[PDB]
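Visitor: Input file: work-v8.tsv. Contents: TSV, C-alpha atoms and all ligand atoms.
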chain	number	residue	atom	x	y	z
X	1	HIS	CA	11.84	123.54	-79.46
X	2	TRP	CA	11.49	121.03	-76.67
X	3	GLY	CA	13.37	121.19	-73.36
X	4	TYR	CA	12.77	120.37	-69.70
X	5	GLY	CA	11.51	123.83	-68.63
X	6	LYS	CA	8.03	125.06	-67.62
X	7	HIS	CA	7.24	126.15	-71.19
X	8	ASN	CA	8.82	123.39	-73.32
X	9	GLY	CA	9.13	120.40	-70.95
X	10	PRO	CA	7.64	116.85	-70.97
X	11	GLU	CA	4.12	118.15	-70.37
X	12	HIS	CA	4.40	120.04	-73.71
X	13	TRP	CA	5.99	117.33	-75.90
X	14	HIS	CA	2.71	115.66	-76.94
X	15	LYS	CA	1.77	118.64	-79.12
X	16	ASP	CA	4.74	118.34	-81.55
X	17	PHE	CA	5.17	114.57	-80.82
X	18	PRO	CA	1.64	113.02	-80.47
X	19	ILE	CA	3.02	109.65	-79.50
X	20	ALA	CA	4.04	111.18	-76.12
X	21	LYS	CA	0.69	109.65	-75.08
X	22	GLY	CA	1.18	106.42	-76.98
X	23	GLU	CA	0.82	102.79	-75.90
X	24	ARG	CA	4.47	101.92	-75.04
X	25	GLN	CA	6.07	105.09	-73.54
X	26	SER	CA	9.21	105.38	-71.35
X	27	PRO	CA	10.25	105.71	-68.67
X	28	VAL	CA	8.03	103.76	-66.24
X	29	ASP	CA	7.97	102.93	-62.58
X	30	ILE	CA	9.33	99.44	-62.02
X	31	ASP	CA	7.01	97.83	-59.52
X	32	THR	CA	9.37	95.12	-58.24
X	33	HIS	CA	6.55	93.14	-56.65
X	34	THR	CA	4.48	93.07	-59.88
X	35	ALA	CA	7.39	92.14	-62.21
X	36	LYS	CA	7.54	88.49	-63.24
X	37	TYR	CA	10.71	86.38	-63.10
X	38	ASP	CA	11.11	85.16	-66.66
X	39	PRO	CA	12.85	81.78	-67.16
X	40	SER	CA	12.61	81.91	-71.01
X	41	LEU	CA	15.21	84.66	-70.91
X	42	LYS	CA	18.79	83.70	-71.94
X	43	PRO	CA	21.61	85.33	-70.05
X	44	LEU	CA	22.56	88.89	-71.13
X	45	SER	CA	25.70	89.34	-73.21
X	46	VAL	CA	27.46	92.74	-73.01
X	47	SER	CA	30.56	92.74	-75.19
X	48	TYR	CA	32.36	96.05	-74.95
X	49	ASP	CA	36.03	94.91	-75.46
X	50	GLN	CA	36.44	96.50	-78.92
X	51	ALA	CA	34.25	99.56	-78.33
X	52	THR	CA	35.59	102.57	-80.27
X	53	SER	CA	34.51	105.99	-78.94
X	54	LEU	CA	34.77	109.00	-81.27
X	55	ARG	CA	33.47	112.05	-79.42
X	56	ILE	CA	31.45	113.81	-76.73
X	57	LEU	CA	28.90	116.43	-77.69
X	58	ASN	CA	26.77	118.83	-75.72
X	59	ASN	CA	23.45	118.45	-77.62
X	60	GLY	CA	21.52	121.06	-75.60
X	61	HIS	CA	19.77	118.42	-73.41
X	62	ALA	CA	22.58	116.02	-72.46
X	63	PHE	CA	26.06	115.05	-73.59
X	64	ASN	CA	26.61	112.07	-75.88
X	65	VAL	CA	29.64	109.91	-76.00
X	66	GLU	CA	29.41	108.62	-79.58
X	67	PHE	CA	30.90	105.37	-80.92
X	68	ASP	CA	32.22	104.04	-84.18
X	69	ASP	CA	29.42	101.66	-85.12
X	70	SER	CA	30.32	100.67	-88.69
X	71	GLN	CA	31.83	97.40	-87.42
X	72	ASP	CA	30.59	94.79	-84.91
X	73	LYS	CA	32.55	95.69	-81.80
X	74	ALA	CA	30.55	96.78	-78.75
X	75	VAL	CA	27.44	94.58	-78.90
X	76	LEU	CA	24.37	93.70	-76.77
X	77	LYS	CA	22.62	90.35	-77.16
X	78	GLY	CA	21.02	87.60	-75.05
X	79	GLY	CA	18.21	88.19	-72.54
X	80	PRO	CA	15.04	89.55	-74.15
X	81	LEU	CA	16.77	90.32	-77.43
X	82	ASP	CA	16.76	88.47	-80.77
X	83	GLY	CA	20.00	88.79	-82.74
X	84	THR	CA	22.63	91.51	-82.28
X	85	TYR	CA	22.51	95.19	-81.33
X	86	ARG	CA	25.42	97.66	-81.81
X	87	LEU	CA	26.47	100.41	-79.33
X	88	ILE	CA	25.95	103.83	-80.94
X	89	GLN	CA	26.23	106.24	-78.05
X	90	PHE	CA	25.86	106.70	-74.36
X	91	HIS	CA	24.51	109.56	-72.23
X	92	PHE	CA	22.90	110.39	-68.87
X	93	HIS	CA	19.90	112.09	-67.24
X	94	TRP	CA	20.49	113.76	-63.83
X	95	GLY	CA	18.94	116.04	-61.26
X	96	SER	CA	19.65	119.30	-59.46
X	97	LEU	CA	19.79	117.44	-56.16
X	98	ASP	CA	20.88	113.88	-55.30
X	99	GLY	CA	17.21	113.05	-54.66
X	100	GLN	CA	16.14	112.97	-58.32
X	101	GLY	CA	17.42	112.54	-61.87
X	102	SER	CA	16.75	108.96	-62.91
X	103	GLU	CA	14.05	108.43	-65.54
X	104	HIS	CA	13.16	104.92	-64.54
X	105	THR	CA	12.12	104.58	-60.92
X	106	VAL	CA	12.15	101.48	-58.71
X	107	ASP	CA	9.14	101.10	-56.41
X	108	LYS	CA	8.81	104.88	-56.92
X	109	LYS	CA	12.48	105.43	-55.92
X	110	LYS	CA	14.27	108.15	-57.92
X	111	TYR	CA	18.05	107.63	-58.17
X	112	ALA	CA	20.53	110.53	-58.48
X	113	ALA	CA	21.01	109.80	-62.22
X	114	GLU	CA	20.58	107.21	-65.01
X	115	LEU	CA	22.94	106.11	-67.82
X	116	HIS	CA	21.64	104.98	-71.23
X	117	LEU	CA	23.77	102.89	-73.54
X	118	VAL	CA	21.92	102.92	-76.82
X	119	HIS	CA	22.21	100.03	-79.25
X	120	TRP	CA	20.65	99.29	-82.57
X	121	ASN	CA	19.47	96.10	-84.20
X	122	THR	CA	22.04	95.10	-86.92
X	123	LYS	CA	19.28	93.36	-89.06
X	124	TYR	CA	18.11	96.92	-89.90
X	125	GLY	CA	21.33	98.22	-91.48
X	126	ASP	CA	21.83	101.42	-89.50
X	127	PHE	CA	20.47	103.53	-86.57
X	128	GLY	CA	18.13	105.56	-88.81
X	129	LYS	CA	16.29	102.54	-90.16
X	130	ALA	CA	16.15	100.74	-86.79
X	131	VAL	CA	14.16	103.59	-85.20
X	132	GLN	CA	11.38	102.98	-87.70
X	133	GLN	CA	10.96	99.45	-86.23
X	134	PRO	CA	9.20	98.20	-83.10
X	135	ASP	CA	12.22	96.05	-82.17
X	136	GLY	CA	14.67	98.62	-83.58
X	137	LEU	CA	16.59	99.62	-80.44
X	138	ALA	CA	17.92	98.17	-77.16
X	139	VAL	CA	18.83	100.58	-74.35
X	140	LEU	CA	20.75	99.40	-71.26
X	141	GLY	CA	19.61	101.60	-68.37
X	142	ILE	CA	21.95	101.83	-65.36
X	143	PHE	CA	21.12	103.75	-62.16
X	144	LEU	CA	23.51	106.16	-60.48
X	145	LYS	CA	23.80	106.71	-56.71
X	146	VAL	CA	25.98	109.19	-54.86
X	147	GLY	CA	28.75	107.65	-52.74
X	148	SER	CA	32.23	106.53	-53.86
X	149	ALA	CA	33.80	107.83	-57.07
X	150	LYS	CA	33.27	105.65	-60.09
X	151	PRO	CA	36.87	105.43	-61.47
X	152	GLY	CA	35.79	104.55	-65.01
X	153	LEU	CA	33.61	107.71	-65.29
X	154	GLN	CA	36.28	110.24	-64.39
X	155	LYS	CA	37.55	110.66	-68.00
X	156	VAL	CA	34.09	111.81	-68.96
X	157	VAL	CA	33.97	114.01	-65.80
X	158	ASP	CA	37.10	116.01	-66.86
X	159	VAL	CA	36.34	116.54	-70.54
X	160	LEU	CA	33.04	118.24	-69.55
X	161	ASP	CA	34.99	121.48	-69.36
X	162	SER	CA	35.44	121.41	-73.17
X	163	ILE	CA	31.73	121.07	-73.85
X	164	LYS	CA	30.05	123.40	-71.40
X	165	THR	CA	27.68	125.04	-73.85
X	166	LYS	CA	25.21	123.73	-76.44
X	167	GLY	CA	26.84	122.65	-79.67
X	168	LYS	CA	30.41	122.18	-78.47
X	169	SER	CA	32.03	118.76	-79.04
X	170	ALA	CA	35.40	117.25	-78.17
X	171	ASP	CA	37.49	114.34	-79.46
X	172	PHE	CA	36.90	111.51	-77.07
X	173	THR	CA	38.70	108.43	-78.34
X	174	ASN	CA	39.82	105.29	-76.54
X	175	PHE	CA	37.04	105.48	-73.83
X	176	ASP	CA	36.12	102.06	-72.34
X	177	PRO	CA	32.42	101.80	-71.43
X	178	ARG	CA	33.11	98.63	-69.36
X	179	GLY	CA	34.26	100.94	-66.61
X	180	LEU	CA	30.64	102.13	-66.27
X	181	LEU	CA	28.94	98.81	-65.53
X	182	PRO	CA	28.01	97.37	-62.13
X	183	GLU	CA	29.06	93.81	-61.18
X	184	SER	CA	25.67	92.16	-61.56
X	185	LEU	CA	23.80	91.98	-64.86
X	186	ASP	CA	20.41	91.19	-63.31
X	187	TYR	CA	17.87	93.41	-65.00
X	188	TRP	CA	14.23	94.18	-65.62
X	189	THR	CA	12.90	94.24	-69.15
X	190	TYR	CA	9.92	95.82	-70.86
X	191	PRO	CA	8.94	97.20	-74.36
X	192	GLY	CA	9.18	101.02	-74.43
X	193	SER	CA	10.29	104.19	-76.28
X	194	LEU	CA	12.84	106.95	-76.57
X	195	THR	CA	12.43	109.06	-73.40
X	196	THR	CA	13.23	112.23	-75.39
X	197	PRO	CA	11.58	113.49	-78.61
X	198	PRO	CA	10.85	112.04	-81.24
X	199	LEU	CA	9.81	109.54	-78.47
X	200	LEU	CA	9.74	106.66	-80.98
X	201	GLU	CA	8.32	103.40	-79.61
X	202	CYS	CA	11.22	101.27	-80.86
X	203	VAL	CA	13.02	100.29	-77.63
X	204	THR	CA	13.52	97.08	-75.69
X	205	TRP	CA	14.48	98.44	-72.24
X	206	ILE	CA	16.94	96.53	-70.03
X	207	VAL	CA	17.25	98.35	-66.72
X	208	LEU	CA	19.93	96.94	-64.43
X	209	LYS	CA	18.97	96.43	-60.80
X	210	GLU	CA	22.35	97.20	-59.21
X	211	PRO	CA	23.18	100.86	-59.32
X	212	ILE	CA	26.66	102.20	-59.82
X	213	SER	CA	27.93	104.64	-57.21
X	214	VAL	CA	29.44	107.97	-58.37
X	215	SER	CA	30.92	110.66	-56.04
X	216	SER	CA	29.28	113.96	-55.08
X	217	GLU	CA	32.11	115.85	-56.86
X	218	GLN	CA	31.52	113.71	-60.04
X	219	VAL	CA	27.74	114.49	-60.16
X	220	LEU	CA	28.37	118.17	-59.36
X	221	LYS	CA	30.43	118.58	-62.50
X	222	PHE	CA	27.54	117.10	-64.59
X	223	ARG	CA	25.52	119.98	-63.14
X	224	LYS	CA	28.03	122.62	-64.42
X	225	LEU	CA	27.03	121.82	-68.00
X	226	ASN	CA	24.79	124.26	-69.91
X	227	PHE	CA	21.45	123.97	-71.72
X	228	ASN	CA	22.22	127.31	-73.53
X	229	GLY	CA	24.78	127.83	-76.26
X	230	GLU	CA	27.91	129.98	-75.87
X	231	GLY	CA	27.03	133.63	-75.19
X	232	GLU	CA	23.49	133.08	-73.87
X	233	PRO	CA	21.91	133.65	-70.48
X	234	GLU	CA	23.22	130.72	-68.48
X	235	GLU	CA	20.72	127.91	-67.98
X	236	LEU	CA	22.37	125.04	-66.09
X	237	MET	CA	21.94	121.52	-67.43
X	238	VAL	CA	19.97	119.93	-64.54
X	239	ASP	CA	16.71	117.99	-64.34
X	240	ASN	CA	16.99	116.69	-67.92
X	241	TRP	CA	14.74	113.74	-67.09
X	242	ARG	CA	11.31	112.62	-68.24
X	243	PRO	CA	8.97	111.41	-65.48
X	244	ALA	CA	7.46	107.88	-65.24
X	245	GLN	CA	4.65	107.22	-67.74
X	246	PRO	CA	1.63	104.80	-67.63
X	247	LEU	CA	2.55	101.15	-67.86
X	248	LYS	CA	-0.67	100.45	-69.89
X	249	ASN	CA	-1.28	96.69	-69.65
X	250	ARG	CA	2.43	96.00	-70.51
X	251	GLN	CA	4.30	93.44	-68.34
X	252	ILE	CA	7.79	94.03	-66.87
X	253	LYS	CA	9.86	90.85	-66.51
X	254	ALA	CA	12.76	90.19	-64.06
X	255	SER	CA	15.87	88.27	-65.16
X	256	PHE	CA	16.25	86.89	-61.62
E	1	LIG	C1	20.46	114.54	-79.75
E	1	LIG	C2	19.40	113.54	-80.21
E	1	LIG	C3	19.45	113.39	-81.74
E	1	LIG	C4	19.85	111.94	-81.93
E	1	LIG	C5	20.08	111.29	-83.15
E	1	LIG	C6	20.46	109.94	-83.10
E	1	LIG	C7	20.59	109.26	-81.86
E	1	LIG	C8	20.35	109.95	-80.66
E	1	LIG	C9	19.97	111.30	-80.73
E	1	LIG	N1	19.68	112.20	-79.70
E	1	LIG	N2	19.69	111.98	-78.30
E	1	LIG	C10	19.31	111.08	-77.37
E	1	LIG	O1	19.61	111.49	-76.24
E	1	LIG	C11	18.70	109.68	-77.42
E	1	LIG	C12	18.69	108.88	-78.55
E	1	LIG	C13	18.16	107.59	-78.48
E	1	LIG	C14	17.62	107.09	-77.29
E	1	LIG	CL1	16.95	105.44	-77.24
E	1	LIG	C15	17.61	107.83	-76.12
E	1	LIG	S1	16.99	107.23	-74.71
E	1	LIG	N3	16.89	108.35	-73.81
E	1	LIG	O2	15.60	106.47	-74.78
E	1	LIG	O3	17.90	106.28	-74.13
E	1	LIG	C16	18.17	109.12	-76.23
E	2	HG	HG	9.80	102.43	-83.76
E	3	ZN	ZN	18.36	108.65	-72.26
Before anything else, please render the file you have as structure tokens.
Guide:
Amino acid sequence: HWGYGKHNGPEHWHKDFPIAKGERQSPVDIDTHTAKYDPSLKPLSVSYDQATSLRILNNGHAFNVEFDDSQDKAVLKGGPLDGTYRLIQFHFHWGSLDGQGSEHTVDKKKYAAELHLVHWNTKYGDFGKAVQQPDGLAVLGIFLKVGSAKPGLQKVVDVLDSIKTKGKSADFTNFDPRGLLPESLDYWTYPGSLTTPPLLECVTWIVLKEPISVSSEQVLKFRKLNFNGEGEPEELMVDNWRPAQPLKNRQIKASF
């Protein structure tokens, strides 16, 4: 099944998942000079005060912090979005080297990594029904750069030990995702897709302009994770990122 290697990577996904070549695929290059400041766009509202994390899983491509999403607690609304969207999970995409890893790029610039907080549209009942809808998901993309430690990431950094290999999960309660946000909520927005298979075209993307900084030691630990399961030849979880895809007529809008 799919991966990020020479024989199962992004260039191979289209065969099992035809939509890999579809009309609204992610990620894309954000051409900052072509993106249009949109005044019809209400301010963003990120409300993570009640967010209830349950666990962190190595899924064989990334690790997911998962959230209790059967009540309205950690919610995204405002900006490009109509109604409310509930936080289901967060995860990252990173490189082997500081010079790559982000999925979205900004005037062709690849950041060291990118965080996705994944939210689903409440009017659709649950995650599984939302991903059948064109406005089913909202993902908040946040860029990572290597510099100072991000304090609010360190609790994730240290549990990674427990979930080195594919399949492993660990209890991960009381994590506050607010720690992971930059100061400014300025963003770009476009209609797009999951960046992994099934690659469903159900996402409103909201990519924040201001990266967070993480430390070199922080990113390094990310890179100690494994693509293989326990007992297998060791493939190191690096370069788990899809490259930029064709914009295709679509317009990216700036919130600023
Ligand atoms: C392990 C698989 C299986 C699965 C099931 C439900 C939700 C996410 C999810 N997975 N992982 C993802 O990384 C994922 C899910 C949704 C999205 Cl919107 C994205 S992403 N990369 O467009 O932000 C990733
Ligand atoms: Hg969809
Ligand atoms: Zn992602």
Visitor: Please provide as JSON, numbers by chain all residues within 10 Å of residue X:191, with the sequence filter that same-chain residues fewer than 4 positions apart are discarded (counting only C-alpha atoms).
Guide: {"X": [23, 24, 25, 26, 80, 134, 135, 138, 201, 202, 203, 204, 205, 206, 247, 250, 251, 252]}
Visitor: Report as a list in words which protein, DNA and RNA residues come within 9 Å of ligand ZN 3 (chain E), using all atoms listed in the file.
Guide: residues 62, 90, 91, 92, 93, 103, 114, 115, 116, 117, 118, 139, 141, 194, 195, 196 and 241 of chain X
Visitor: Tell me which protein, DNA and RNA residues are within 12 Å of residue X:33, counting all atoms listed in the file, leaving out same-chain ones fewer than 2 positions away, and put them as a VMD selection string.
Guide: chain X and resid 29 to 31 35 to 37 106 to 108 188 251 to 254
Visitor: Please enclose the listed atoms of stretch 57-66 of chain X in an axis-aligned box, pad each side by 6 Å, and write out the centre and the three edge lengths in Å, rounded to one decimal, as AutoDock Vina command-line options.
Guide:
--center_x 24.7 --center_y 114.8 --center_z -76.0 --size_x 21.9 --size_y 24.4 --size_z 19.1
Visitor: Compare X:20, X:160, X:144, X:200 by their minimum atom-to-atom distance to residue X:180, counting all atoms listed in the file, and give me the closest one.
Guide: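 The closest residue to residue X:180 is X:144.
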Visitor: Point out the residue among X:41, X:181, X:220, X:131 with the least atom-to-atom distance to residue X:79, counting all atoms listed in the file.
Guide: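 Among the listed residues, the smallest separation from residue X:79 belongs to X:41.
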Visitor: Smallest atom-to-atom distance to residue X:236: which of X:86, X:1, X:94, X:170, using all atoms listed in the file?
Guide: X:94
Visitor: So that I can see what lies close to residue X:82, please list as a list in words the residues with an atom at most 10 Å from it, counting all atoms listed in the file and leaving out residues fewer than 5 positions away in the same chain.
Guide: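 With the cut-off at 10 Å, the set is residues 77, 121, 123 and 135 of chain X.
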Visitor: Quick one, how far is atom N3 of ligand LIG 1 (chain E) from atom CA of residue X:85?
Guide: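 Value for the atom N3 of ligand LIG 1 (chain E)-atom CA of residue X:85 distance: 16.2 Å.
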Visitor: Got a sec to check which residues sit within 12 Å of (33.5, 105.0, -51.2), counting all atoms listed in the file, and write them as a list in words?
Guide: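 The residues near that point, listed by chain and number, are residues 145, 146, 147, 148, 149, 150, 151, 212, 213, 214, 215 and 216 of chain X.
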